[PDB]
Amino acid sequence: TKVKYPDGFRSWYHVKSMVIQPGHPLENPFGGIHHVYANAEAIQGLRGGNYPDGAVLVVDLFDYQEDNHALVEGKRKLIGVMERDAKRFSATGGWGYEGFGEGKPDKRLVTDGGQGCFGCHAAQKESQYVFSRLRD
């Protein structure tokens, strides 16, 4: 019932990025430059398929330094992870939710079995609980 650390996620398909700046409703703790990654099975669901068990989405969050009108990636702050298993993660709509502080496998951030993560993703039920949209 624990989400697996997604080893090698940095080699996956880059879905999209976004910058969350101070004042954003999600600043604490989602502030920074983030990058969304999808493994092969998550790409099937992003394309309009059903998400197969074993699909994984990662959101990779960096601090940034504002220097002379550029935002430059600093240290990794954390990753968020969604792992598809319709049966094992039935209590959170079929996705297991975990955070890893600094992207480190032993820094688990989720303390409520992912109910809080799931509560916000629940608004996205019609897209199988995923916010991010596939773009060219």
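Numbering starts at 1 and runs along the sequence shown.
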property	result
Higher-scoring stretch by recorded Cα B factor average, 64 to 72 or 33 to 41	64 to 72
Mean temperature factor over C-alpha atoms, higher-scoring stretch between 108 to 116 and 12 to 20	108 to 116
Chain-relative CA temperature factor third for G99	lowest
Record-listed C-alpha B factor of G80: chain third	lowest
